[PDB]
Amino acid sequence: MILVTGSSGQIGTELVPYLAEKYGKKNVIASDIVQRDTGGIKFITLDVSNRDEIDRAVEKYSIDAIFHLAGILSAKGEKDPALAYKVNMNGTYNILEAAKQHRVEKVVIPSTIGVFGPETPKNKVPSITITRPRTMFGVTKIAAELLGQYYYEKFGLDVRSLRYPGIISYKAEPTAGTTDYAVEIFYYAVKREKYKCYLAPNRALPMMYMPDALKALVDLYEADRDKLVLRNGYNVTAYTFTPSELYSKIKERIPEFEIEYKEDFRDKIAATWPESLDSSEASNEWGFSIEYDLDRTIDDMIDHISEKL
Amino acid sequence: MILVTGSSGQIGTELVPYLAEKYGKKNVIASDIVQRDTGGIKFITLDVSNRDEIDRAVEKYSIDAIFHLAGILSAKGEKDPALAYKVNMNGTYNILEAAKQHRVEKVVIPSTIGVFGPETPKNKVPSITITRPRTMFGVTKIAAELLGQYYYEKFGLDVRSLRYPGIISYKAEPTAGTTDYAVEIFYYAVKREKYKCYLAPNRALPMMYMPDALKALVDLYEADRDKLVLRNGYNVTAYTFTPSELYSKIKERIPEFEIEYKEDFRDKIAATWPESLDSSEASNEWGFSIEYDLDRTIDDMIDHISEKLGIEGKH
Ligand SMILES: NC(=O)c1ccc[n+]([C@@H]2O[C@H](COP(=O)([O-])OP(=O)(O)OC[C@H]3O[C@@H](n4cnc5c(N)ncnc54)[C@H](O)[C@@H]3O)[C@@H](O)[C@H]2O)c1
Ligand SMILES: NC(=O)c1ccc[n+]([C@@H]2O[C@H](COP(=O)([O-])OP(=O)(O)OC[C@H]3O[C@@H](n4cnc5c(N)ncnc54)[C@H](O)[C@@H]3O)[C@@H](O)[C@H]2O)c1
Ligand SMILES: C[C@@H](O)[C@H](N)C(=O)O
Ligand SMILES: C[C@@H](O)[C@H](N)C(=O)O
């Protein structure tokens, strides 16, 4: 049995059915503190900050594996660092301790480029590098990777993690995140509405499309334990672009599209992150690969977003 | 008014009177979960994992600065990672948040070479480097540095830290760490007994003598704001040695002692850490310096330990 925490978020929304298709509907349980449609898949309310809740769920459902998605992200984190610490720090600690006590074969955690800071090289960054995050989210996330690796080295709990870039998707609505301009922009485009972008025109960031994001997570999950070396902190990426680049490419498709730049705190967050990642380790150790290049993602998004409008 | 957290430990035991001497006994409050003689300086019971206790102390004594020493060290930490997490991680958060909410001007935190891991370069490591610790202790400590820096950048709270190497001292006996052998060996030397060392004969580690350690922390506390660029994570060191080197140098003074090597878990810990540090940043930004080189530390420790053990009577 697989438990997914924070199932209602950007990734959860799609991962749950992905897991059900791969491993069977009876074998997944979705969980969050906020409920959404899981298409029949079993759902339970679970606050990761309550260790007890976790202990109870893991027992009652005979949980074998956990995809621990619950968290506060970079923007919200700057708005409410105490909340981020509680959910991310406390929450992740609770998950690890609970998993370690019980028979938890595997815990998979989505980490982030948010673990990087200004001292981290901006281009082709390898996984082993400077990690001096400047956001409460980032601090919590590097802590997560370190804890995870510790639990593995110390207790033999199989914790695995990769570092996602910005994820572009259509199934779940964006949530005003630092990288979410890359999703919002498509909504505006299909309506031929001028977009007001909160990141600088030339703010380059690594990104990837959700189909590849889901595949990566699952490939990491599936990898053979004795075959991972790095194990936690795998950089993964598909492409790097700036808001003006993404806009220009969209406009090639939807020429009436316009944009204006009104940068805010989220730009400042982004500025602390690298521009592009080296994802060799993930490819070598577990065969991470990308099926959707930028063009494909752009057209797929326009296709899906107009049509769901 | 200065509060010291974890004052009963190796560092606290000496920092408390060091602080009182410099700023006055009335302006220093010692605190710990375990009391020990403070030589007339005010002591209060305080468990840092209990936020309400911190709040009460800070309120009552109008605390202006906190030297936050409370914590579980590398070895003890591996025996009880859950204790280390609770004390180190949530204790530090509690301190930071309390200071912020109250009007504590400065917080100083002693970090550690424990923040480093196998991937960290072994020689003359600088402050900005790979930080992938493999002890719970080390995880908490890097978290502490990051949180401390966050508290400055986010809220404007003046949080500072340096990274200590192993510290050698004679006033208090360290118990819960990996670098302790460098204190232990002197007791055996002075008694002319065989020392059983728990680290490999070749296990190089950076180290420094307490006097220099105390000065460093206080110098960082007093440093001009305008030069504090790195702010958190300053590497500091005096010298690097292996147990076989230290033994050999002590033997130069006291020929009639010996050593055997029976490595334990602690050696595995030490193996993950770098051998030597580059402390340039500390010297550049706040004037870090060392007064006790290796020889002077060895001779001073022999002196004081001999007196402590009645090899040479107090006069
Ligand atoms: N989306 C991305 O581009 C991205 C990139 C890197 C890392 N990540 C990581 O992936 C995970 C989820 O990402 P997402 O985009 O789906 O986030 P999201 O904001 O869409 O979803 C997060 C979920 O966490 C839930 N939550 C908050 N507090 C909780 C608590 N105490 N107990 C249980 N649930 C709680 C929210 O209600 C929400 O449904 C996080 O760990 C995040 O840091 C995401
Ligand atoms: N001694 C060193 O070589 C060295 C090196 C690097 C960093 N440091 C740091 O210096 C600080 C103290 O070092 P030390 O060598 O004196 O340690 P120590 O083990 O000698 O003393 C630690 C003190 O922490 C106290 N303590 C434990 N839990 C507590 C709690 N919940 N509330 C209040 N007090 C609590 C203990 O009772 C003890 O008196 C730590 O933060 C440590 O990580 C020390
Ligand atoms: C990708 C990750 O950093 C997240 N989407 C954020 O905006 O914080
Ligand atoms: C190195 C420092 O953290 C402490 N002396 C230890 O042994 O843990």
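As a basis for the values below, the full set of heavy atoms in this structure was taken, side chains included, without hydrogen atoms, waters or symmetry mates. Read the numbers this way: they start at 1 and go in the same order the structure lists the ligands and their atoms. First the proteins, then the strands, lettered A, B, ... as listed; each starts at 1.
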What part of A:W273 sits under 4.0 Å from ligand 3 if we count only heavy atoms: the side chain, the backbone, both or neither?
-> side chain

N or O pair under 3.5 Å between A:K141 and ligand 1 | yes

Please determine if A:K106 forms a cation-pi arrangement with A:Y221, meaning its NZ or CZ atom is less than 6.0 Å from the six-membered ring centre and no more than 45° off the ring axis.
-> yes

Of the choices A:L46, A:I168, A:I54, A:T140, which has the non-hydrogen atom that lies closest to atom 33 (C) of ligand 1?
-> A:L46

Atom indices of ligand 3, in the order listed, that fall short of 4.0 Å to a heavy atom of A:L73 | 8 (O)

Give a yes or no on whether B:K171 atom NZ has more than 12 heavy-atom contacts from other residues, nucleotides or ligands under 6.0 Å away.
-> no

What pair of heavy atoms forms the shortest contact from A:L217 to A:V108, and how long is it?
-> CD1-CG1, 3.7 Å

Between A:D55 and A:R51, is there a side-chain N and carboxylate O pair less than 4.0 Å apart?
-> yes

Considering A:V183, A:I167, A:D47, which one's heavy-atom position lies nearest to atom 31 (N) of ligand 1?
-> A:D47

protein heavy-atom neighbour closest to atom 10 (O) of ligand 1 works out as A:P110 CG, 3.2 Å

Any N/O of A:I72 closer than 3.5 Å to an N/O of ligand 1?
-> no

Which residue and non-hydrogen atom of the protein lie closest to atom 7 (O) of ligand 4, and at what distance in Å?
-> B:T178 N, 2.7 Å

Ligand 4-proximal atoms of B:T112, by part, heavy-atom distance under 4.0 Å = side chain

Within the 4.0 Å heavy-atom cut-off, what B:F137 brings close to ligand 4 is side chain

Give the residue and atom name of whichever protein heavy atom lies nearest to atom 5 (N) of ligand 3, and the separation in Å to one decimal.
-> A:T179 OG1, 2.9 Å

Say whether A:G166, considering both its backbone and side-chain N or O atoms, lies within less than 3.5 Å of an N or O atom on ligand 1.
-> no

Starting from atom 1 (C) of ligand 3, locate the nearest protein heavy atom and write down its residue, its atom name and how far away it is, to 0.1 Å.
-> A:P165 O, 3.2 Å

A:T92 side chain to A:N88 backbone, donor-acceptor under 3.5 Å | yes

4.0 Å heavy-atom contact, A:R36 with ligand 1 | no

Taking the non-hydrogen atoms of A:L69, is any one of them nearer than 4.0 angstrom to ligand 1?
-> yes

Which is it for A:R163 and ligand 1 at heavy atoms under 4.0 Å: side chain, backbone, both or neither?
-> neither

Pairing of A:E275 and A:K122 as salt bridge, 4.0 angstrom limit | no

What do you reckon, does A:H68 have a nitrogen or oxygen under 3.5 Å from a nitrogen or oxygen of ligand 1?
-> no

Nearest protein heavy-atom contact for atom 15 (O) of ligand 1: which residue, which atom, what distance?
-> A:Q10 CB, 3.2 Å

How are the rings of B:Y85 and A:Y93 set relative to one another: parallel (under 30°), tilted (30 to 60°) or perpendicular (over 60°)?
-> parallel

Nearest neighbour in protein (non-hydrogen) for atom 18 (P) of ligand 1 = A:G9 CA, 3.4 Å

Check the pair B:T297, B:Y239 against side-chain hydrogen bond (donor to acceptor under 3.5 Å, both in side chains), reporting the backbone distance first and the verdict last.
-> CA-CA 10 Å; B:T297 134; B:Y239 37 63; 3.2 Å; yes

In the protein, what heavy atom is nearest to atom 17 (O) of ligand 1, and what distance, to one decimal place, separates them?
-> A:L73 CD1, 3.8 Å

Mode of A:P165 contact toward ligand 1 - side chain, backbone, both, neither (heavy atoms, under 4.0 Å) = backbone

Output yes when B:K196 and B:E184 qualify as a salt bridge under the 4.0 Å nitrogen-oxygen rule, no when they do not.
-> no

Between A:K154 and B:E78, is the closest basic N to carboxylate O distance under 4.0 Å?
-> yes

Return the residue, atom name and 0.1 Å-rounded distance of the protein heavy atom closest to atom 32 (N) of ligand 1.
-> A:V48 N, 3.0 Å

With the threshold set at 4.0 Å, does a side-chain nitrogen-carboxylate oxygen contact exist between A:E145 and A:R163?
-> yes

Would A:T175 and A:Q10 satisfy side-chain hydrogen bond (donor to acceptor under 3.5 Å, both in side chains), going step by step from the backbone distance to the final call?
-> CA-CA 8 Å; A:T175 46; A:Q10 189 191 185; over 6 Å; no

Do other residues, nucleotides or ligands put more than 12 heavy atoms under 6.0 Å from B:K124 NZ?
-> yes

Closest heavy-atom approach to atom 6 (C) of ligand 1 among A:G6, A:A172, A:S111, A:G114 is made by A:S111

Please report the C-alpha distance between A:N90 and A:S49 in whole Å, then the side-chain angles of each, then the deciding distance to 0.1 Å, and finally whether the side-chain hydrogen bond (donor to acceptor under 3.5 Å, both in side chains) criterion is met.
-> CA-CA 6 Å; A:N90 292 352; A:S49 71; over 6 Å; no

Return a yes/no value for A:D32: is any of its N or O atoms, backbone included, closer than 3.5 angstrom to an N or O of ligand 1?
-> yes

Between B:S74 and ligand 4, is there a nitrogen or oxygen pair with a distance under 3.5 Å?
-> yes

